[PDB]
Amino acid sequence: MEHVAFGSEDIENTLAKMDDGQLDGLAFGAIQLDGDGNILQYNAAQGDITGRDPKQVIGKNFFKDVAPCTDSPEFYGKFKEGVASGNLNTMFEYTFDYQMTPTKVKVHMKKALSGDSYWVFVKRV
(Lines of atoms letter the chains of each structure in order from A and count residues from 1; the text may use other names and numbers.)
(Lines give C-alpha, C1' and ligand atoms only; values in the text may rest on other atoms or scores of the structure.)
Protein backbone atom coordinates (compact mmCIF):
# COMPACT_ATOMS: atom_id res chain seq x y z
CA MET A 1 0.00 0.00 0.00
CA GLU A 2 1.42 3.51 -0.91
CA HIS A 3 0.76 5.93 1.86
CA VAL A 4 -0.49 9.13 0.48
CA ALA A 5 -3.65 10.79 1.81
CA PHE A 6 -6.48 11.99 -0.40
CA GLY A 7 -6.41 15.76 -0.64
CA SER A 8 -2.75 16.12 0.40
CA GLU A 9 -1.37 19.55 -0.52
CA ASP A 10 1.66 18.27 -2.39
CA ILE A 11 0.04 15.20 -3.95
CA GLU A 12 1.23 16.00 -7.47
CA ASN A 13 4.89 15.88 -6.35
CA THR A 14 4.37 12.55 -4.58
CA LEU A 15 2.61 10.95 -7.55
CA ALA A 16 5.18 12.15 -10.04
CA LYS A 17 7.46 9.16 -8.95
CA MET A 18 4.89 6.38 -9.50
CA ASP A 19 4.52 4.07 -12.46
CA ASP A 20 1.27 2.30 -13.16
CA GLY A 21 2.08 -0.46 -10.59
CA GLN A 22 2.71 2.00 -7.78
CA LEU A 23 -0.47 3.91 -8.58
CA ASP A 24 -2.34 0.64 -7.98
CA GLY A 25 -1.22 0.72 -4.35
CA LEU A 26 -3.08 3.95 -3.49
CA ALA A 27 -6.02 3.98 -1.04
CA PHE A 28 -8.15 6.02 -3.49
CA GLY A 29 -9.01 6.10 -7.19
CA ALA A 30 -6.64 7.94 -9.52
CA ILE A 31 -7.03 8.81 -13.18
CA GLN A 32 -4.51 10.81 -15.22
CA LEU A 33 -6.00 12.71 -18.20
CA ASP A 34 -4.40 14.68 -21.01
CA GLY A 35 -5.78 18.16 -21.77
CA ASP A 36 -8.35 16.66 -24.16
CA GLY A 37 -9.67 14.29 -21.51
CA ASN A 38 -8.08 11.12 -22.83
CA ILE A 39 -7.21 8.59 -20.15
CA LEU A 40 -3.44 8.00 -19.67
CA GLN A 41 -3.49 6.12 -16.33
CA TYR A 42 -6.35 4.48 -14.38
CA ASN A 43 -5.62 2.65 -11.13
CA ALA A 44 -6.98 -0.46 -9.46
CA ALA A 45 -8.87 1.36 -6.71
CA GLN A 46 -10.75 3.39 -9.36
CA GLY A 47 -11.75 0.17 -11.11
CA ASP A 48 -13.01 -1.21 -7.77
CA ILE A 49 -15.29 1.84 -7.41
CA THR A 50 -16.62 1.98 -11.02
CA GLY A 51 -16.39 -1.55 -12.34
CA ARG A 52 -14.27 -0.54 -15.34
CA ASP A 53 -11.25 -2.69 -16.24
CA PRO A 54 -8.27 -0.27 -16.08
CA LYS A 55 -6.38 -1.63 -19.11
CA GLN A 56 -9.51 -1.41 -21.23
CA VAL A 57 -10.24 2.33 -20.63
CA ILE A 58 -6.72 3.70 -21.16
CA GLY A 59 -6.78 5.64 -24.42
CA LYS A 60 -10.51 6.33 -24.31
CA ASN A 61 -11.92 9.82 -23.80
CA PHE A 62 -13.28 10.16 -20.28
CA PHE A 63 -15.97 12.79 -21.10
CA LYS A 64 -17.16 11.47 -24.45
CA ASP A 65 -16.86 7.70 -24.09
CA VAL A 66 -16.40 6.45 -20.54
CA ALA A 67 -18.21 8.88 -18.21
CA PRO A 68 -20.97 10.81 -20.04
CA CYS A 69 -22.59 11.70 -16.69
CA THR A 70 -19.58 13.98 -16.11
CA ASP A 71 -20.18 15.87 -19.35
CA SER A 72 -21.78 18.79 -17.53
CA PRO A 73 -20.74 22.28 -16.42
CA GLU A 74 -20.31 20.83 -12.89
CA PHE A 75 -17.52 18.40 -13.85
CA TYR A 76 -16.29 18.70 -17.47
CA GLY A 77 -16.85 22.45 -17.40
CA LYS A 78 -14.48 22.77 -14.41
CA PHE A 79 -11.91 20.61 -16.18
CA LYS A 80 -11.93 22.53 -19.39
CA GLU A 81 -11.60 25.89 -17.60
CA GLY A 82 -8.58 24.47 -15.77
CA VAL A 83 -6.93 23.22 -18.87
CA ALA A 84 -7.54 26.60 -20.59
CA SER A 85 -6.11 28.51 -17.65
CA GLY A 86 -3.25 26.14 -16.93
CA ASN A 87 -4.21 25.76 -13.24
CA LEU A 88 -6.74 23.49 -11.57
CA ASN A 89 -7.39 22.52 -7.95
CA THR A 90 -10.94 21.75 -6.96
CA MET A 91 -12.79 19.25 -4.80
CA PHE A 92 -16.50 18.43 -4.90
CA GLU A 93 -19.00 15.63 -4.43
CA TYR A 94 -20.60 13.95 -7.45
CA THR A 95 -22.73 10.88 -8.33
CA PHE A 96 -21.54 8.40 -10.91
CA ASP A 97 -24.53 6.62 -12.51
CA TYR A 98 -23.71 5.43 -16.05
CA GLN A 99 -24.19 1.66 -16.55
CA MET A 100 -23.67 1.19 -12.80
CA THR A 101 -25.39 1.49 -9.44
CA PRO A 102 -25.48 5.24 -8.57
CA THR A 103 -22.44 5.84 -6.41
CA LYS A 104 -21.66 9.07 -4.51
CA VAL A 105 -18.01 10.07 -4.45
CA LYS A 106 -15.68 12.90 -3.50
CA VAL A 107 -13.65 14.11 -6.51
CA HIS A 108 -10.40 16.08 -6.41
CA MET A 109 -9.09 17.42 -9.69
CA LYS A 110 -5.59 18.84 -9.78
CA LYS A 111 -3.07 19.78 -12.44
CA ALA A 112 -0.12 17.40 -12.60
CA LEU A 113 3.38 18.73 -12.06
CA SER A 114 4.68 18.04 -15.50
CA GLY A 115 3.32 19.17 -18.78
CA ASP A 116 -0.21 18.94 -19.95
CA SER A 117 -1.66 16.34 -17.64
CA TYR A 118 -4.37 16.46 -15.02
CA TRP A 119 -5.29 14.15 -12.12
CA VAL A 120 -8.79 13.08 -11.08
CA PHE A 121 -8.80 11.48 -7.60
CA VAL A 122 -11.91 9.75 -6.27
CA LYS A 123 -13.03 8.22 -2.97
CA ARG A 124 -16.37 7.00 -1.67
CA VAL A 125 -18.47 9.09 0.65
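Numbering starts at 1 and runs along the sequence shown.
Selected stretch [higher average CA B-factor]: 77-85 or 36-44:
Higher mean C-alpha B-factor: 77-85.
With respect to the recorded C-alpha B factors, which stretch has the higher mean value, 104-112 or 6-14?
According to the entry, 6-14 carries the higher average C-alpha B-factor.
Out of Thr90, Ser72, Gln56, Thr50, residue topping the C-alpha B-factor column of the entry:
Checking the PDB record, the top C-alpha B-factor among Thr90, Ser72, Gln56, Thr50 is at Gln56.
Would you mind ranking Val122 by its C-alpha B-factor against the rest of the chain and naming the third, lowest, middle or highest?
CA B-factor rank for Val122: lowest third.
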